[PDB]
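Next comes just one chain, in structure tokens: the form deposited in one PDB entry.
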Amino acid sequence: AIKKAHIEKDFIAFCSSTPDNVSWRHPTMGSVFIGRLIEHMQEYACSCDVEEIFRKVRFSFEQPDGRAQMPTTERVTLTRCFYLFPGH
């Protein structure tokens, strides 16, 4: 007896920029997206689901500075909130 399962479910992708566009990396300080993501994960993993954390990351790029980029969440099939519960 066989049963069906969804082929693709419970994914979220987070890319450093929008399609067609560049992402920036400082030669000594590292990649701006990676650095920004780490900082937001450190701060908000305790209180926000990963989708909300990723939105907060995008918000931090809102003003197009010298080296504008806009991180983009892609192909999301999270059916629930993913909380990391750091410390548990």
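The term rigid core refers to the maximal set of C-alpha atoms that superpose within 1.5 Å between the two forms. Residue numbers here begin at 1 and follow the sequence given.
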* Which has the higher mean CA temperature factor in the PDB entry, 58-66 or 34-42? -> 58-66
* Structure fact -> As the entry reports it, the stretch among 19-27 and 74-82 with higher mean C-alpha B factor is 19-27
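There is another form of this protein, the form deposited in another entry, and it is not shown here; the text below is about that form.
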* **Rigid core fit then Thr73 CA moved by 2 Å or more between the shown form and the other one** => no
* Using a rigid core alignment, state whether the CA of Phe14 is displaced by 2 Å or more between the shown form and the other one. => no
* To do: Using a superposition on the rigid core, decide whether the Cα position of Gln63 changes by 2 angstroms or more between the shown form and the other one.
  => no
* Asked: If the CA atoms of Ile38 and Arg25 move by 3 Å or more in that other deposited form, do they move toward each other or away, so closer or farther than here?
  -> farther
* Asked: Your call: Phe14 and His26 CA atoms, closer or farther in that other deposited form versus the shown structure, by 3 Å or more?
  -> farther
